[PDB]
Every structure is written in structure tokens, then in C-alpha cells.
Amino acid sequence: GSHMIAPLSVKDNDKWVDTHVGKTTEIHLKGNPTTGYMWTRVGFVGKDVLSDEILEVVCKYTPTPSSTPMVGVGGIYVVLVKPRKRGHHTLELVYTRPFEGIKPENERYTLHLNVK
């Protein structure tokens with residue numbers, strides 16, 4: 001109860017909703033790995049695995065090259081959130097710079113899932 005996240009009205013992310021078990025929720029997020037930030041799970045930015053025991057977040061950061069050339073190693077962010085347990089789970093996906101660090105001024109994408 002100290003200093004909230006304060007959701008901006010210029011960006012809609014955190015999906016406050018329910019779900020089922022192991023309901024593999026695939027999310028093909030777009031962006032640009034060559035911009036500076038990254039679309040992964042907060043607190044795991046840089047690690048090998050984002051998930052743990054709660055949400056089987058099988059995410060794969062694919063920076064596939066351009067169409068024909070190779071001057072663009074930018075792809076997407078494939079996130080597979082499989083509710084391992086039943087209860088209050090959430091996919092904390094944030095837009096941070098693995099090179100620098102994570103900050104509040106960064107984008108958000110918390111796919112909330114009140115796994116029944």
C-alpha cells in the first residue's frame with residue numbers, strides 16, 4: 001500500500017480476467033529487438049526462463065531476420081502462458097531494456113488470469 005503503479009490512459013495492457021488450467025495462451029507480440037527495450041516477463045528480463053511454478057510461461061523471444069536481407073534481426077515475442085496451478089495467476093510482461101534495466105516509465109502487459 002505504498003505508491004501504486006498508476007495505469008496511464010494512453011496504454012492498455014494488464015488484462016484483468018479469468019481462465020482455465022494449462023490453457024496455453026499464445027501471444028504474438030510485435031516490436032523491434034533493435035530498439036532498446038524487450039518484451040518479456042518482469043523480474044526475468046535476461047534470464048533463460050520467465051515462468052516458474054505458477055504460470056508455465058513458455059515464452060520464446062524470436063528475433064527473426066528481415067524478409068530477404070539480414071539488416072534487421074527483429075521478430076516478435078511468443079508467450080505461452082499455461083496456468084500450472086489454480087487460483088490468482090498473472091503474466092507480468094513488461095517492456096524493459098535488458099541492457100540497462102527495468103523501470104516504471106516502461107510499457108506494461110500483465111495478462112491477469114483468475115485461474116478457476
# chains A, B, ... in the order shown; residues from 1 in each chain; ligands from 1
call {"tool": "residues_around", "arguments": {"residues": "range 23-35 of chain A", "least_positions_apart": "3", "cutoff": "8 Å", "atoms": "only C-alpha atoms", "output": "ChimeraX atom specification"}}
result
/A:19-20,38-39,63,72-83
call {"tool": "residues_around", "arguments": {"residues": "range 98-101 of chain A", "least_positions_apart": "3", "cutoff": "12 Å", "atoms": "only C-alpha atoms", "output": "ChimeraX atom specification"}}
result
/A:33-47,94-95,104-106
call {"tool": "closest_residue", "arguments": {"among": "A:15, A:3, A:60, A:97", "to": "residue 114 in chain A", "atoms": "only C-alpha atoms"}}
result
A:15
call {"tool": "residues_around", "arguments": {"residues": "range 6-10 of chain A", "least_positions_apart": "2", "cutoff": "10 Å", "atoms": "only C-alpha atoms", "output": "PyMOL selection string"}}
result
chain A and resi 3-4+12-14+104+107-108
call {"tool": "select_by_dssp", "arguments": {"residues": "range 35-90 of chain A", "states": "strand (DSSP E)", "output": "list in words"}}
result
residues 38, 39, 40, 41, 55, 56, 57, 58, 59, 60, 61, 62, 76, 77, 78, 79, 80, 81, 82, 83, 89 and 90 of chain A
call {"tool": "closest_residue", "arguments": {"among": "A:69, A:48, A:11, A:56", "to": "residue 89 in chain A", "atoms": "only C-alpha atoms"}}
result
A:56
call {"tool": "atom_distance", "arguments": {"atom1": "CA of residue 62 in chain A", "atom2": "CA of residue 18 in chain A"}}
result
27.7 Å
call {"tool": "atom_distance", "arguments": {"atom1": "CA of residue 102 in chain A", "atom2": "CA of residue 53 in chain A"}}
result
22.7 Å
call {"tool": "atom_distance", "arguments": {"atom1": "CA of residue 112 in chain A", "atom2": "CA of residue 58 in chain A"}}
result
16.0 Å
call {"tool": "closest_residue", "arguments": {"among": "A:65, A:22, A:111, A:116", "to": "residue 90 in chain A", "atoms": "only C-alpha atoms"}}
result
A:111
